Amino acid sequence: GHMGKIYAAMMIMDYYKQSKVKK
Amino acid sequence: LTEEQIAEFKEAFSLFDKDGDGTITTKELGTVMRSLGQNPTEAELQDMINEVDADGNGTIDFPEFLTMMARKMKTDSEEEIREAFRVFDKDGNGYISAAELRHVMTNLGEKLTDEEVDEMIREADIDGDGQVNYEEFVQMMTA
Ligand SMILES: [Ca+2]
Ligand SMILES: [Ca+2]
Ligand SMILES: [Ca+2]
Ligand SMILES: [Ca+2]
């Protein structure tokens, strides 16, 4: 538990990174 | 789906939804990024949202956010998790303490509770030494 924000920050970082790759 | 996960999905959304209107704007996204040490352009924030904005209204709601959380790490996470370990393990002795976990949560915005900080340590702690080593962390993050 209380891992949500940790998961989200991990997620978003890889998102932003996967954003840049994708265009 | 557990009530536990629902719990975690709500926390995760509330990292971005800073005013709690129930939607994530580019501004909120940009805010979260900046606190994570990044500086995305306005186009990038739009792009991140538009990947997942099913109704095309320029923001992200709860179920659209669920889609964000559901897309896999899935081949380059090992390095991302190694990096994450480094930020958590501030004094770099190879073990994440309660006090170091607390700092991270804070930096993520949480400022309560201590028992819950211990609880988090306790759950990730396989060997029982009271702290989180690299392998224990790996599993805490692939859970
Ligand atoms: Ca909002
Ligand atoms: Ca939307
Ligand atoms: Ca340490
Ligand atoms: Ca341990």
# chains A, B, ... in the order shown; residues from 1 in each chain; ligands from 1
call {"tool": "select_by_dssp", "arguments": {"residues": "chain A", "states": "alpha helix (DSSP H)", "output": "ChimeraX atom specification"}}
result
/A:4-21
call {"tool": "residues_around", "arguments": {"residues": "residue 108 of chain B", "least_positions_apart": "3", "cutoff": "10 Å", "atoms": "only C-alpha atoms", "output": "PyMOL selection string"}}
result
(chain A and resi 5-6+8-9) or (chain B and resi 15+32+35-36+102-105+111)
call {"tool": "write_last_selection", "arguments": {"atoms": "N, CA, C and O atoms", "output": "short mmCIF file (atom, residue, chain, number, x, y, z; two decimals), in the first residue's frame"}}
result
data_model
loop_
_atom_site.label_atom_id
_atom_site.label_comp_id
_atom_site.auth_asym_id
_atom_site.auth_seq_id
_atom_site.Cartn_x
_atom_site.Cartn_y
_atom_site.Cartn_z
N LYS A 5 1.54 6.50 -5.40
CA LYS A 5 2.27 7.68 -5.90
C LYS A 5 3.65 7.32 -6.46
O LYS A 5 4.08 7.83 -7.52
N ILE A 6 4.29 6.37 -5.78
CA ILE A 6 5.52 5.75 -6.29
C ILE A 6 5.28 5.12 -7.64
O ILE A 6 6.02 5.38 -8.60
N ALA A 8 2.86 5.71 -9.74
CA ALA A 8 2.53 6.81 -10.67
C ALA A 8 3.73 7.60 -11.16
O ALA A 8 3.81 7.94 -12.34
N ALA A 9 4.69 7.88 -10.27
CA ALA A 9 5.91 8.62 -10.65
C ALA A 9 6.84 7.80 -11.55
O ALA A 9 7.45 8.31 -12.50
N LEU B 15 -1.82 12.24 -7.14
CA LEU B 15 -0.51 12.83 -7.37
C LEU B 15 -0.60 13.90 -8.46
O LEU B 15 0.00 14.96 -8.36
N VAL B 32 3.84 18.00 -11.86
CA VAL B 32 4.36 16.72 -11.36
C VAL B 32 5.71 16.44 -11.99
O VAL B 32 6.65 16.06 -11.28
N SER B 35 8.56 18.56 -10.52
CA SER B 35 8.96 18.07 -9.21
C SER B 35 9.77 16.77 -9.32
O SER B 35 10.58 16.45 -8.45
N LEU B 36 9.62 16.05 -10.42
CA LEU B 36 10.41 14.86 -10.68
C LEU B 36 11.74 15.15 -11.38
O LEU B 36 12.56 14.24 -11.59
N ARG B 102 10.43 7.72 4.07
CA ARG B 102 9.69 8.91 4.44
C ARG B 102 10.05 10.10 3.54
O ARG B 102 9.18 10.76 3.00
N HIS B 103 11.34 10.38 3.36
CA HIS B 103 11.69 11.50 2.52
C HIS B 103 11.06 11.42 1.11
O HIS B 103 10.57 12.42 0.58
N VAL B 104 11.13 10.24 0.50
CA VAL B 104 10.59 10.00 -0.84
C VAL B 104 9.11 10.30 -0.92
O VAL B 104 8.67 11.04 -1.81
N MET B 105 8.36 9.76 0.04
CA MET B 105 6.92 10.00 0.16
C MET B 105 6.60 11.48 0.26
O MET B 105 5.66 11.97 -0.38
N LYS B 111 2.83 13.33 3.92
CA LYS B 111 3.44 13.80 5.18
C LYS B 111 2.76 13.17 6.38
O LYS B 111 2.63 13.78 7.45
#
call {"tool": "interface_residues", "arguments": {"of": "chain B", "to": "chain A", "cutoff": "6 Å", "atoms": "only C-alpha atoms", "output": "list in words"}}
result
residues 8, 11, 12 and 48 of chain B
call {"tool": "residues_near_ligand", "arguments": {"ligand": "ligand 2", "cutoff": "6 Å", "atoms": "only C-alpha atoms and all ligand atoms", "output": "number ranges by chain"}}
result
B: 53-61
call {"tool": "residues_near_ligand", "arguments": {"ligand": "ligand 4", "cutoff": "7 Å", "atoms": "only C-alpha atoms and all ligand atoms", "output": "ChimeraX atom specification"}}
result
/B:125-133,136
call {"tool": "write_last_selection", "arguments": {"atoms": "C-alpha atoms", "output": "PDB file, in the first residue's frame"}}
result
ATOM      1  CA  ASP B 125      11.156  -6.532   3.921  1.00  0.00           C
ATOM      2  CA  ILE B 126      11.773 -10.206   2.987  1.00  0.00           C
ATOM      3  CA  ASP B 127      14.890 -10.978   5.085  1.00  0.00           C
ATOM      4  CA  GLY B 128      13.580  -9.243   8.243  1.00  0.00           C
ATOM      5  CA  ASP B 129      16.466  -6.831   8.828  1.00  0.00           C
ATOM      6  CA  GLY B 130      14.104  -3.846   9.045  1.00  0.00           C
ATOM      7  CA  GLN B 131      15.188  -2.198   5.805  1.00  0.00           C
ATOM      8  CA  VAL B 132      14.817  -2.626   2.032  1.00  0.00           C
ATOM      9  CA  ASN B 133      17.850  -3.869  -0.011  1.00  0.00           C
ATOM     10  CA  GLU B 136      13.632  -6.423  -2.012  1.00  0.00           C
TER      11      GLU B 136
END
